[PDB]
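In: I need the structure of the sequence given here:
(3 chains)
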Amino acid sequence: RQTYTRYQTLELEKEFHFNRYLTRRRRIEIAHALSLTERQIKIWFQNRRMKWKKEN
DNA sequence: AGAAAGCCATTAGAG
DNA sequence: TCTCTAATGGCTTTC
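Out: Numbering: from 1, shown residues only, chains lettered A, B, ... in the order given. Have a look at this structure:
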């Protein structure tokens, strides 16, 4: 298991503020900028969306 | 069709 | 011990 840095998490949460779903093109940009795999980005949003439906 | 992505519940590792 | 969330697996949906 990898722990995400405060920076990685912020960038991701800032993006989620705009699109709760990512495009393949956007997912690739974020994966590179944050040094995570596309799978991790996909899962982060999967989880974030779940938290959102139960936390809002 | 079939590959890719999403929904969920649940697991388990880090601090 | 306990909390939070990265990750997993099976279905289901989208293209």
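In: what number of residues lie near residue A:5?
Out: 11 (other Cβ atoms under 10 Å). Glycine gets a C-beta too; all of them are placed from N, C-alpha and C.
In: for DNA strand B, what are the nearby residues on chain A?
Out: Within chain A, the positions near DNA strand B by Cβ under 7 Å from any atom of the strand are A:1, A:3, A:21-22, A:24, A:42, A:45-47, A:49-50, A:53.
In: Rebuild those residues as TSV, extending it with secondary structure.
Out: Listed next are the residues of chain A next to DNA strand B as TSV, based on DSSP: H, G, I helix; E, B strand; the rest coil:
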residue	secondary structure
A:1	coil
A:3	coil
A:21	coil
A:22	coil
A:24	helix
A:42	helix
A:45	helix
A:46	helix
A:47	helix
A:49	helix
A:50	helix
A:53	helix
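In: out of those, which are buried?
Out: Among the residues of chain A next to DNA strand B, those classed as buried by 16 or more other Cβ atoms under 10 Å are A:22, A:45.
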